[PDB]
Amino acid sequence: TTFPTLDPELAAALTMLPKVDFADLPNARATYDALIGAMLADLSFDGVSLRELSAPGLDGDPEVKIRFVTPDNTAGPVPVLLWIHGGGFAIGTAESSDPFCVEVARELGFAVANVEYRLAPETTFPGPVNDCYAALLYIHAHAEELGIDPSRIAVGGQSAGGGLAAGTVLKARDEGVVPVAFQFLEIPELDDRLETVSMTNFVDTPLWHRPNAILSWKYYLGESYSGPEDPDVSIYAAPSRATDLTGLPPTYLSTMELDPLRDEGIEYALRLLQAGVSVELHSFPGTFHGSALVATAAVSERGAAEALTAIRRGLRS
């Protein structure tokens, strides 16, 4: 009865849920890595292979590792999804997204380039988005050797990874080097200004909330960042701040009901549509930020199936 609009299935799974409090980043990383780590242990890699790639960093930056998942016994060249994990820019690892990357490769027969970007605050913007764009540059320049069709590259990610995907897609369009066929943004973190209704009213929602949002953007953008009224923030950092969304790729964007990120998601999708972009927007009822973790709930299964359908169609030949 704390959150009566919650799906009952999602309802259960809310006592267990540990708090991820950004205020203590060492413990937040620790609690996170523990919920990720036990789940990976049983993950099946049936029908796929995983190898590590090294993409040269942008500028003087270090190499960016990529967990490259490919389907067994396929013709190739196949489409590829560049995938970017979440964690509020400051927590998480690429291996945390192995379950989804395996699912895409096994069910769709697509390659998946899962990017190990550097975390904030140790590496502030622009480093993390530069790592993702470096990875995109690499997979595009080496597609033949990698067995990828360069005309069918998707860029996607979840939460902070969704913001990094959107920022990478803006940068890709602006630089004009790599064509991106499809953009997949799951519960994306897009706007540092924290001024939408969901971001002002959702202060203690499950997993993500206004207290964590303030910390996330501060960690990411660093000490030259004066907060939401700062007028000097890159659109690659905060894609919501972009004014020209034309010429961006066909996009899928999902949001959750009780997520503080919900409104910035819906608003970016609407502005993409108004700019002439083909978009699928889906705000799921009775959900919360991260409730896809409850994979057996029917609404989670529905969203998982739809993600596959969306990516399959987005990269169709």
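Residue positions are given as counts along the sequence shown, with the first one as 1.
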| property | result |
| --- | --- |
| Which of 42 to 50 and 257 to 265 has higher mean CA B factor, as the PDB entry lists it | 42 to 50 |
| Given 56 to 64 and 248 to 256, the range whose Cα B-factors average higher in the PDB entry | 56 to 64 |
| Candidate residues 99, 239, 228, 92, the one whose C-alpha B factor the record puts highest | 228 |
| Third assignment of residue 185 from its chain's C-alpha B-factors | lowest |
| Ranked C-alpha temperature factor of residue 224 among modelled chain residues, by third | highest |
| Entry-reported Cα temperature factor of residue 282, expressed as the chain third it lands in | lowest |
| Third of the chain's Cα B-factor distribution that residue 310 belongs to, per the entry | lowest |
| Residue 86 CA temperature factor, ranked by third within the chain | lowest |
